[PDB]
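Trainee: I am attaching a structure below and will ask some questions about it afterwards.
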Amino acid sequence: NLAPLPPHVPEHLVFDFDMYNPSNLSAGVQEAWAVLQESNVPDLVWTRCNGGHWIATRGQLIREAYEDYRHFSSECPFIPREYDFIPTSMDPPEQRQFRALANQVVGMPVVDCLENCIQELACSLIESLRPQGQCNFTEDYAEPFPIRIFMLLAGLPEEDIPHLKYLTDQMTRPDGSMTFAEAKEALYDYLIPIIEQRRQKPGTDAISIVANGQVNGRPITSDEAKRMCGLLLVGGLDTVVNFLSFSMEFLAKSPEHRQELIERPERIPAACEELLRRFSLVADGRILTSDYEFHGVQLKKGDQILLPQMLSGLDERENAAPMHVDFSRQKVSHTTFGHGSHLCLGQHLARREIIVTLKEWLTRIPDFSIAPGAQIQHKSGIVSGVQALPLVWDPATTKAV
Amino acid sequence: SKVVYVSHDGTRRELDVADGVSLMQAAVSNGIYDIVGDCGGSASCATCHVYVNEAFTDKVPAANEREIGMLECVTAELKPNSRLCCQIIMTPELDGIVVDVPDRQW
Ligand code: HEM
Ligand code: FES
């Protein structure tokens with residue numbers, strides 16, 4: 001359904017893309033979105049879908065908009081205009097307070113420190129799967145891995161995983177019992193007592209560190225800590241689950257690429273970057289704080305603009321033959337983790353999860369494919385994704401380390 | 001090319017940094033944890049602040065307006081040789097560059 005065209009929007013800029021239901025989604029998610037980058041589509045379009053909003057289609061505009069929070073505010077980062085978590089909706093300077101605190105728990109020093117634990121987690125999961133000759137990767141690995149990482153960082157017991165999976169799944173891939181707000185309230189109900197306990201008796205886990213931290217020169221409030229912890233959980237789940245699934249979907253179909261990495265495991269870090277570019281999956285945006293002319297288009301105060309992280313690396317102006325995966329690309333240009341002051345706090349952690357996943361999987365289960373008869377179903381939205389990923393392999397071609 | 005990073009407490013570190021790699025990226029990938037690099041290198045945060053050794057300042061390309069603007073938000077003392085090291089791109093010309101890392105980024 002199509003919102004009436006505001007009269008400040010030129011008719012020749014209307015391209016009614018629906019980011020929740022794009023045409024030709026069976027060609028793939030990134031292929032569906034790349035319709036925005038065909039040669040006749042302008043750099044900046046208006047869609048009448050989802051209330052009406054702008055979309056920037058090219059990397060150059062996406063980057064520039066993300067570098068200018070004065071005009072393009074995070075106060076309303078999601079489309080449609082109708083979720084608290086911190087610091088998603090904050091601009092600097094206040095956002096910097098929460099970046100500093102989050103860095104204490106998912107920053108590069110913690111990620112370097114955790115590398116061996118992360119490898120062990122991955123190996124344990126993969127070794128459990130190896131003899132079975134099949135799995136639904138999305139459920140059997142892609143979700144358990146990052147959630148177990150969180151339980152480890154946050155000092156939370158293994159027995160709570162099912163409950164947290166359930167609530168986080170209702171938030172992001174809703175089966176339709178719970179609304180988003182109900183699911184979020186339940187997540188808060190779980191965190192609140194833990195935060196209170198760890199302010200009264202702190203440990204050295206991530207919830208203790210966030211919950212006894214400082215912002216603006218005073219102790220963080222329990223409610224701020226709750227909103228930060230909720231994002232540190234949901235932010236590393238939806239994206240990692242779906243991104244790992246996209247990547248393994250591709251490797252299941254691509255024997256030469258798999259073989260490159262089996263024979264030359266030193267190329268995995270480069271491959272991770274190239275998969276990050278090809279299978280980019282986030283699309284959020286910003287709200288205009290004032291009337292502003294941008295690239296020959298007059299934007300109005302209050303207009304929302306979609307600045308799809310996904311699109312920058314798919315832009316043929318940024319990477320030749322962008323739909324091709326080339327692990328040897330000389331410069332992999334992308335904004336998969338975003339750009340500007342909100343660039344993903346988890347970016348280091350995410351790369352180590354992807355690299356460890358690829359290294360540990362290919363060393364044990366080098367040869368696998370999509371289950372016969374399956375057709376992989378995709379979803380599009382703020383975080384685009386894979387519904388399920390049935391894989392099969394011959395256990396006789398595997399190896400236990 | 002060699003890059004030397006000296007911490008506020010005198011800790012010295014040395015890296016071999018490829019042409020085209022920023023001094024931030026190198027620091028963040030090799031355990032120089034007193035450079036944070038929070039924004040990922042777009043002169044959008046001020047957490048890659050360093051003091052470029054005075055023997056190298058005329059070898060290093062000048063800061064652009066975006067960097068100058070962001071340098072106003074550094075939390076440590078802002079000095080004449082303050083730079084955001086994500087804006088410093090390694091070249092054979094800069095072989096041996098010494099940078100002093102300030103006592104805070106946050
Ligand atoms: C492949 C994996 C991931 C991708 C593609 C990704 C992508 C992104 C993007 C594009 C943003 C910025 C959105 C914007 O500007 O509004 C973001 C923010 C964030 N990400 Fe990730 N992310 C990933 C993994 C993670 C993980 C592992 C964590 C773990 C803690 C995490 C935590 C966050 C947080 C806390 C923020 C908010 C940063 C801010 O608003 O200042 N992400 N992520
Ligand atoms: S890494 Fe953010 S300004 Fe340098």
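In the structure tokens, each chain is lettered A, B, ... as it comes, each chain's residues begin at 1, and ligands are numbered from 1 in order of appearance.
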Excluding residue 73 of chain B and residues on its chain fewer than 4 positions from it, collect all residues at most 10 Å away from it, counting only C-alpha atoms, and give them as a list in words.

Mentor: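 Counting only the stated atoms, we get residues 93 of chain A; 45, 46, 47, 68, 69 and 78 of chain B.
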
Trainee: Kindly export the residues of the current selection with N, CA, C and O atoms, as a tab-separated table (two decimals), in the first residue's frame.

Mentor:
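This went into result-v1.tsv:
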```tsv
chain	number	residue	atom	x	y	z
A	93	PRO	N	26.60	14.35	20.93
A	93	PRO	CA	27.71	13.83	21.76
A	93	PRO	C	27.30	12.72	22.73
A	93	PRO	O	28.17	11.90	23.12
B	45	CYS	N	34.99	9.99	15.21
B	45	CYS	CA	35.02	9.78	16.69
B	45	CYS	C	36.13	10.38	17.57
B	45	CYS	O	36.03	10.43	18.78
B	46	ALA	N	37.24	10.72	17.05
B	46	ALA	CA	38.33	11.19	18.00
B	46	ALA	C	39.06	10.19	18.91
B	46	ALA	O	39.82	10.60	19.77
B	47	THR	N	38.85	8.88	18.75
B	47	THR	CA	39.48	7.82	19.59
B	47	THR	C	40.71	7.16	18.97
B	47	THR	O	41.13	6.07	19.42
B	68	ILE	N	40.06	18.23	11.18
B	68	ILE	CA	40.30	19.37	12.05
B	68	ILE	C	39.15	19.61	12.97
B	68	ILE	O	39.30	19.85	14.17
B	69	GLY	N	37.95	19.43	12.43
B	69	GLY	CA	36.72	19.55	13.18
B	69	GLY	C	36.61	18.52	14.28
B	69	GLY	O	36.30	18.85	15.43
B	78	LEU	N	45.07	18.68	23.40
B	78	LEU	CA	45.20	18.91	21.98
B	78	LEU	C	46.47	19.72	21.80
B	78	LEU	O	46.56	20.81	22.35
```

Trainee: Running DSSP on the backbone, which parts of chain B land in strand (DSSP E), as a list in words?

Mentor: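 Residues of chain B classed as strand (DSSP E): residues 2, 3, 4, 5, 6, 12, 13, 14, 15, 16, 49, 50, 51, 52, 82, 83, 84, 97, 98, 99 and 100 of chain B.
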
Trainee: With C-alpha atoms retained, write the just-selected residues as a PDB file, in the first residue's frame.

Mentor:
```
ATOM      1  CA  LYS B   2      58.138   0.807  10.202  1.00  0.00           C
ATOM      2  CA  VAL B   3      55.839   2.621  12.498  1.00  0.00           C
ATOM      3  CA  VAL B   4      56.688   3.113  16.191  1.00  0.00           C
ATOM      4  CA  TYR B   5      53.948   3.784  18.751  1.00  0.00           C
ATOM      5  CA  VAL B   6      55.000   5.085  22.159  1.00  0.00           C
ATOM      6  CA  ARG B  12      57.182   1.103  22.910  1.00  0.00           C
ATOM      7  CA  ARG B  13      55.699  -0.927  20.100  1.00  0.00           C
ATOM      8  CA  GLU B  14      56.839  -1.277  16.469  1.00  0.00           C
ATOM      9  CA  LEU B  15      54.845  -2.577  13.484  1.00  0.00           C
ATOM     10  CA  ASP B  16      55.634  -3.289   9.796  1.00  0.00           C
ATOM     11  CA  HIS B  49      44.262  10.577  18.563  1.00  0.00           C
ATOM     12  CA  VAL B  50      48.073  10.544  18.470  1.00  0.00           C
ATOM     13  CA  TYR B  51      50.914  13.122  18.684  1.00  0.00           C
ATOM     14  CA  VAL B  52      53.051  12.852  15.553  1.00  0.00           C
ATOM     15  CA  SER B  82      47.806  16.105  17.276  1.00  0.00           C
ATOM     16  CA  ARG B  83      46.339  13.957  14.527  1.00  0.00           C
ATOM     17  CA  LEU B  84      43.622  11.360  14.097  1.00  0.00           C
ATOM     18  CA  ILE B  97      57.455   7.498  11.807  1.00  0.00           C
ATOM     19  CA  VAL B  98      57.101   7.716  15.615  1.00  0.00           C
ATOM     20  CA  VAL B  99      53.737   8.580  17.139  1.00  0.00           C
ATOM     21  CA  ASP B 100      53.076   9.190  20.835  1.00  0.00           C
TER      22      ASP B 100
END
```

Trainee: Using 10 Å as the limit and counting only C-alpha atoms and all ligand atoms, can you tabulate each residue of chain A that touches ligand 2, with its shortest atom-to-atom distance in Å and the two atoms involved, as a Markdown table?

Mentor:
```
| residue | atom | partner | partner_atom_place_in_ligand_line | distance |
| --- | --- | --- | --- | --- |
| A:340 | CA | ligand 2 | 2 (Fe) | 8.1 |
| A:341 | CA | ligand 2 | 2 (Fe) | 7.6 |
| A:343 | CA | ligand 2 | 2 (Fe) | 9.5 |
```

Trainee: Produce a file of the selected residues containing N, CA and C atoms, as a PDB file, in the first residue's frame.

Mentor:
```
ATOM      1  N   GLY A 340      30.275   6.022   9.811  1.00  0.00           N
ATOM      2  CA  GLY A 340      30.118   7.161  10.718  1.00  0.00           C
ATOM      3  C   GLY A 340      30.155   6.770  12.180  1.00  0.00           C
ATOM      4  N   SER A 341      29.606   7.645  13.005  1.00  0.00           N
ATOM      5  CA  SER A 341      29.747   7.424  14.458  1.00  0.00           C
ATOM      6  C   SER A 341      28.997   6.208  14.956  1.00  0.00           C
ATOM      7  N   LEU A 343      29.040   3.212  13.387  1.00  0.00           N
ATOM      8  CA  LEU A 343      29.624   1.985  12.813  1.00  0.00           C
ATOM      9  C   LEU A 343      29.597   0.876  13.921  1.00  0.00           C
TER      10      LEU A 343
END
```

Trainee: Set the cut-off to 9 Å and count only C-alpha atoms: what are the residues of chain A that reach chain B? Output as a ChimeraX atom specification.

Mentor: /A:67,96-97,99-100,103,107-109,112,339-345,347

Trainee: Residues within 6 Å of ligand 1 should be enumerated using only C-alpha atoms and all ligand atoms and returned as a PyMOL selection string.

Mentor: chain A and resi 87-88+231-232+235-236+239-240+243+282+284+309+336-338+342-347+349-350

Trainee: Could you dump the residues just selected with C-alpha atoms as a PDB file, in the first residue's frame?

Mentor:
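Listed below is the output, out_31.pdb:
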```pdb
ATOM      1  CA  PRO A  87      22.577   3.891  21.729  1.00  0.00           C
ATOM      2  CA  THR A  88      20.777   3.170  18.385  1.00  0.00           C
ATOM      3  CA  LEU A 231      21.128  -4.257  22.349  1.00  0.00           C
ATOM      4  CA  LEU A 232      24.410  -6.050  23.052  1.00  0.00           C
ATOM      5  CA  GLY A 235      22.524  -6.704  17.996  1.00  0.00           C
ATOM      6  CA  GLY A 236      24.875  -9.657  17.844  1.00  0.00           C
ATOM      7  CA  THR A 239      22.810 -10.022  12.112  1.00  0.00           C
ATOM      8  CA  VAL A 240      25.289 -12.862  12.842  1.00  0.00           C
ATOM      9  CA  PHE A 243      24.990 -13.342   7.830  1.00  0.00           C
ATOM     10  CA  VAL A 282      21.347  -4.335   7.096  1.00  0.00           C
ATOM     11  CA  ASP A 284      18.438   1.302   8.399  1.00  0.00           C
ATOM     12  CA  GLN A 309      24.238  -0.432   4.398  1.00  0.00           C
ATOM     13  CA  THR A 336      28.337  -3.648   5.874  1.00  0.00           C
ATOM     14  CA  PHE A 337      28.878  -2.596   9.490  1.00  0.00           C
ATOM     15  CA  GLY A 338      27.575   0.925   8.741  1.00  0.00           C
ATOM     16  CA  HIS A 342      27.325   4.427  14.666  1.00  0.00           C
ATOM     17  CA  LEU A 343      29.624   1.985  12.813  1.00  0.00           C
ATOM     18  CA  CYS A 344      28.843  -1.415  14.442  1.00  0.00           C
ATOM     19  CA  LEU A 345      30.335  -1.701  17.997  1.00  0.00           C
ATOM     20  CA  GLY A 346      30.426  -5.472  17.296  1.00  0.00           C
ATOM     21  CA  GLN A 347      32.460  -5.191  14.111  1.00  0.00           C
ATOM     22  CA  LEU A 349      33.628  -9.543  17.354  1.00  0.00           C
ATOM     23  CA  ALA A 350      31.598 -10.243  14.129  1.00  0.00           C
TER      24      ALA A 350
END
```
